[PDB]
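Presented below is the structure to which this report refers.
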Ligand SMILES: Nc1ncnc2c1ncn2[C@@H]1O[C@H](COP(=O)(O)OP(=O)(O)OP(O)(O)=S)[C@@H](O)[C@H]1O
Ligand SMILES: Nc1ncnc2c1ncn2[C@@H]1O[C@H](COP(=O)(O)OP(=O)(O)O)[C@@H](O)[C@H]1O
Ligand SMILES: Nc1ncnc2c1ncn2[C@@H]1O[C@H](COP(=O)(O)OP(=O)(O)O)[C@@H](O)[C@H]1O
Ligand SMILES: Nc1ncnc2c1ncn2[C@@H]1O[C@H](COP(=O)(O)OP(=O)(O)O)[C@@H](O)[C@H]1O
Ligand SMILES: [Mg+2]
Ligand SMILES: [Mg+2]
Ligand SMILES: [Mg+2]
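Residue numbers (the authors' numbering), protein chains in the order written: chain E, 169 to 748; chain D, 380 to 569; chain F, 380 to 569; chain S, 2 to 26.
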């Protein structure tokens, strides 16, 4: 009473309560319920951050201003604090003493209305443990008789599990559906809140910046709902303008200042959200060629799909891109993916399809249903995309995957969303999908049996038609056919590996001078046609890292460097040179 | 009308409370919704609207402006989706019969198994049917329910097992949006 | 030097608390070590003895002489245990390659697959190696982790919803001890 | 089919204590 209940009309006269914008439809339903003879206790049901308490608090603002109907005039909204009231009891009858006193005040004033924020708390354990004298039971007969009016607020999750268990209490409280507002509604809402936030931070928010906050936040921040989300990014921008400026800097909050704060919220490097990253995308094709040279047709294809996705031409609900890297091993089919993530500055996700070969393995990706082991785990695929909405997804050896796994990917390409065991929608339309398979390579290299060789140009594509179902292939944006490495391309790969070893040791102070003869020998032994260039890292480790590492700790190689590798023609072995 | 309509449409509440809720709420609407030119009496039309708001679907407003929407529903769908006119006729006629009052009263508005090749309009007519009617789309991808144990996700786990409080996705979704289009894509995969 | 050996040998607290503690501990010890004499200056060998007490490890191992022990690793194992001389010598050369700093640092330092008849001291070299290097010993028998459900225990307990402090069996041991040998037995039957 | 998993429910315990009074005189 004295401190448990805080009046909202008196507060509204001073301020504090923000004004309501674009909620006449929801308000009209509440007023209709409040005017009822009995069970005049509306309940605002809505997701988190959807203005659940902005309508109750704003109702008081309307009453003071006078927008409410005449019947609702002269009514006072009371905001009950269950924590404060319940705190300090330390007795069996202290709660009922203060609680009944509160009802006595409301019962005396027929026009008084009560607002109980987070009403789900009382149903679980209001004021009793190991007993049955709860707070809800005390108000059950009063609400049934219409003596007092109570306004409640609880989320859908706390409404189906906690609420509705005691049908008696649910009967008295009517339910008003609250829906997340559209983008056009929120931008108008922020305009009304601009004077309060601007005066608080002593800054100005440009109209263009407000529209960019709701748009960028929705794409890069999916966990929180749009209304509270837009307020956080807008309010956070003003805080930066208070500390970063040294003195008399620009008060206006431009679009560039919003892109930085929203980037930190999403844990991104600010390159994607920023509009000044076009330079990276313009030269993305050339940059990848230096990192992963060869098969330029494969690299340019990715840049074209990525450019349109970031140019406003991306699909409305499909992913940024779905590709099937059908090619041999050792042609950097996976290297192009890991390097692409570094260019775009996004997380990399790798899944081994070989593990998902049995029929029951698909459950691990989407989680186990309720009532079975693994239900607590959300799912490897669903938790990864949800944790990192902007990330690259790699699925290697997709051909070995069970058909049950292929079915999961069908919805991913067409709708861009995958549901999990808990019902969370995995909205990952921003992640690029890349798959690697070696299905058709066998027919390309292998000639047709018989004295006469048939045309095998289309035989490789035919194999993909039988392995992959038509619906799966239709959803793919494009198929990137890699080509075998040429004699000159392989020689450059040897230089790439040596550069990593050379630069790794150059900082330590050990110079490396590999002879051309050694580079050629490593290429043949390191690159197998069947296994690709994967053994290059292995042979390089045993041939170079093993001997140099031993002498690094003890011997002359610890300092001075002057290492010169060579190859002898008599035995074809690689000689080693060490000096101080 | 309030007693009969409440039983037919309002659910999860008993008849005395249900009938008295429509009668009480109807008094506040007629008394407070019109600022002027108020209606002293409460006719059957008002009770239907109140029941419709509680249950989310109307029963006598079909000959209102919504009447024109049903006429252009078939033509509008044809513009967005070309060909396969026989499928649009089935959906538009089923809705008309249900809205007109010729429904089964014990079965859904319609149950149609659209079968055909890939990319011919199976998952487009349904997506474009909700937008035209302005109702929520309950999209369910059956590719996830590959095993028999996945049925628990639809109707929740039984008592005494993990995930019991979570509930069913299909049941909770329909309860939240009773008026909606239920789409079970790739039902054969389940 | 204090910060490098503190975080590695103590393996109890975090890096910032260790440095402030050892510095304060070192000053107190040297301040009252002799009855009359005193040493205003400090040395690395002096503070090393202090870390031995809180770490419960001999001062010789606590000393920053990893290269010395690594150089005579074979001589130490051959002197402490007898037999399998050829097997022990091969292991020392490989470990030296990882500690040199070459290769990718993110990759694990230890890639060794022991394969031989039991009872010849195969287990003894794993504990002797850890005792010499100072790292802890974590034994995880694969035979217990045979059932498919048991595999999940390594990542997390099945019913441990309230108990998130323990976490996965393998993960918690590695998290608490970042410098310790992992001994997997009967890995073939998994 | 994979085996099912059962989850237990633990009830918290909290009680109210009375208070005796002693008059000074
Ligand atoms: N009849 C059509 N009219 C207009 N656009 C169409 C038509 N059929 C397909 N499309 C286009 O192709 C997309 C996919 O068509 P859908 O009918 O949704 O495919 P689907 O029947 O679900 O395919 P599956 O999953 O392979 S059986 C649509 O979203 C449109 O962009
Ligand atoms: N219609 C509206 N007009 C103005 N501000 C609004 C409106 N709806 C929501 N807000 C603002 O968004 C936030 C809503 O928070 P709220 O939904 O009450 O939180 P919770 O869901 O945690 O109870 C507040 O910052 C509030 O001022
Ligand atoms: N064209 C290439 N350019 C650069 N490195 C390559 C190329 N082809 C293979 N590699 C090297 O092969 C190794 C494995 O690459 P990865 O993409 O995983 O191969 P794959 O596509 O056969 O699975 C890496 O060291 C990678 O740099
Ligand atoms: N090379 C050896 N030198 C000395 N004792 C040995 C040797 N090999 C085996 N043993 C004896 O056999 C035991 C085998 O190891 P132990 O830890 O007891 O069991 P397990 O091999 O099952 O881990 C040693 O602890 C010791 O008692
Ligand atoms: Mg709130
Ligand atoms: Mg479909
Ligand atoms: Mg042994």
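Note that the Cβ used here is the ideal one computed from N, Cα and C, for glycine as well.
- At a cut-off of 9 Å between C-beta atoms, residue 17 of chain S does not count as an interface residue with respect to chain D.
- Residue environment for residue 534 of chain F: exposed (fewer than 16 other C-beta atoms within 10 angstroms of its C-beta).
- Rounded to the nearest whole angstrom, the C-alpha separation of residue 459 of chain E and residue 666 of chain E is 14 Å.
- Environment of ligand 6, chain-ordered: D:501, D:502, D:564, taking every residue with Cβ within less than 6 Å of a heavy atom.
- In this structure, residue 224 of chain E places its C-beta atom within 9 Å of the C-beta atom of residue 319 of chain E.
- Rounded to whole angstroms, the gap between the alpha carbons of residue 488 of chain E and residue 387 of chain E is 13 Å.
- Against residue 549 of chain E, chain F offers no close residue; the least beta-carbon distance is about 16 Å (beta-carbon pairs closer than 8 Å).
- When rounded, the separation of the alpha-carbon atoms in residue 186 of chain E and residue 218 of chain E is 14 Å.
- Short note on residue 578 of chain E: C-beta closer than 8 Å to some heavy atom of ligand 1.
- Counting only Cβ-Cβ distances below 9 Å, residue 8 of chain S has contacts in chain F at 538, 540, in chain order.
- Per DSSP, the unbroken alpha helix (DSSP H) holding residue 272 of chain E starts and ends at 262-276.
- Remark: three or more beta-carbon pairs, one from each stretch, lie closer than 8 Å, so the segment 198-217 of chain E and the segment 328-344 of chain E are flagged as touching.
- Per DSSP, reduced to three states, the secondary structure at residue 247 of chain E is strand.
- When 9 Å is used as the limit between beta carbons, residue 3 of chain S is near these residues of chain E: 528, 531, 536, 540, 541, 542, in chain order.
- In this structure residue 721 of chain E is in contact with residue 446 of chain F, their Cβ atoms being roughly 6 Å apart against a cut-off of 8 Å.
- For residue 593 of chain E, the uninterrupted beta strand (DSSP E) run begins and ends at 593-595, by DSSP.
- For residue 313 of chain E, no beta strand (DSSP E) segment is defined; the enclosing uninterrupted segment is the alpha helix (DSSP H) at 303-313.
- Cβ neighbours of residue 324 of chain E within its own chain (closer than 8 Å, five residues either side excluded): 213, 214, 215.
- Going by beta carbons, residue 531 of chain E and residue 3 of chain S fall inside the 9 Å limit.
- Of the candidates E:591, E:575, E:448, E:575 places its Cα closest to the Cα of residue 564 of chain D.
- At a cut-off of 9 Å between beta-carbon atoms, residue 586 of chain E makes contact with chain D.
- With respect to the 9 Å criterion, residue 515 of chain E and residue 560 of chain E are classified as neighbours on the basis of their beta carbons.
- Going by DSSP, residue 343 of chain E is part of no alpha helix (DSSP H) but of the beta strand (DSSP E) stretching over 341-345.
- Fewer than three Cβ pairs drawn from the segment 398-406 of chain E and the segment 442-457 of chain E lie within less than 8 Å of each other, which leaves the two stretches out of contact.
- Set against 8 Å, the gap from the CB of residue 491 of chain D to the closest heavy atom of ligand 1 is not smaller.
- The three-state secondary structure of residue 640 of chain E, taken from DSSP, is helix.
- If you draw a straight line from the Cα of residue 263 of chain E to the Cα of residue 363 of chain E, it is about 42 Å long.
- Taking 9 Å as the CB threshold, residue 546 of chain E stays off the interface with chain S.
- Judged by DSSP secondary structure, residue 559 of chain E falls outside any alpha helix (DSSP H) and instead within the beta strand (DSSP E) spanning 559-564.
- Proximity of chain F to residue 722 of chain E at the Cβ level (cut-off 8 Å) is accounted for by 446, 450, in chain order.
- With a cut-off of 8 Å, the C-beta of residue 529 of chain F is classified as distant from ligand 7, since no heavy atom of the ligand falls inside that distance.
- Partner residues in the beta bridge of residue 681 of chain E, as assigned by DSSP, are E:732.
- Ranked by Cα distance from residue 231 of chain E, the options E:287, E:280, E:494 are led by E:280.
- Under the Cβ distance rule, residue 670 of chain E does not count among the residues neighbouring chain D, no pair being separated by less than 9 Å.
- The alpha-carbon of residue 422 of chain E is positioned some 16 Å away from that of residue 411 of chain E.
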